[PDB]
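The form deposited in one PDB entry is given below as one chain in structure tokens.
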């Protein structure tokens, strides 16, 4: 009995709406990908199959796919068999979108009908072809030729593609339907297509949220929702100004956002507090920090972050979004490096900015608060840790739910912390 249904919206194409009233935290849909792959930065760092970090065993046929276990290498083999011959035939490694579309084609040609397409299929996806600028068309033509080069060993002619399959159109669909898969710690680790979930239109203040548990996607309501009300998710990172959202929503998704937040530049001024010269430099440095982070080089991430957070030169308020991103990278680097006191220093500083920039129930705040409460618990700060773990649970019961394994870990921390308070 589905609680959601496809419908034709007035000015946003197809959408998803509530069949019945929905309450915060209600599970609305869950889905494996139609196709997914590890991202360029996480390649060789996380398992190709389960998307969990580490050493990894390489496929000896292609030496590109890496796995956490024999179970994962063997289980991945059917969906890897055909791309394996392509990865071997090409030291060149394809763009993520090309490896993704390869797996789309193989799944559609060789796999049983996918539950991921239950409400909406890859064939159905929006392409926005009549909104593409010439520069985007040129980029898509390059992706098509990259695909044809990469796949030459396994796809020679059109009989090896789905009926009336057009590669240009397929990449156009990929551009505006790609989901950024994040691990439990909210690190981007992959990209996937989830065609049923692709029905959800975007809002900068959405009433639903998606969370990933490995490649598996949970869709949950994060607000009360009335019968027939349209379901929305935020396609974008919350730590973005309306100008940045405008550029991404145009470039990637070919639409102009009419929401209250965009009409009022909601929070932009707070996000850009501090000295423009300083945060412009921090924004520029974040390109390298995030690239270093995408490749899990935590020591180099921390060094760059410390040079900003404890700079001898002018500094930024923690509510400035570029400063805040630097604090988050520093916290995660310290966690992965075992520098738990320093991790807590940075994490605690993010708490009030996160409260402001992740209103309501957002999985990124839930995870962040959980990390801080876990750090406080390990340092013996039981009453402080309990408050944060309870807050993390209030959020993550809505954004993650019992179906997400991270909720089980949080429950164990709550139980450990409460036992400590009771023994105190």
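Under this definition, the rigid core comprises the largest set of C-alpha atoms superposing within 1.5 Å between the forms. Numbering follows the first chain given and starts at 1.
Absent from the display: the form deposited in another entry. The rest refers to it.
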{"item": "Which one of 135, 256, 299, 314, by Cα shift of 2 Å or more between this form and the one not shown, core superposed", "value": "314"}
{"item": "Core fit, then residue 113 C-alpha moves 2 Å or more between this form and the one not shown", "value": "yes"}
{"item": "Direction of C-alpha distance change in that other deposited form, residue 312 to residue 239 (at least 3 Å)", "value": "closer"}
{"item": "Sense of the change in Cα distance from residue 239 to residue 313 in that other deposited form - at least 3 Å versus the shown form", "value": "closer"}
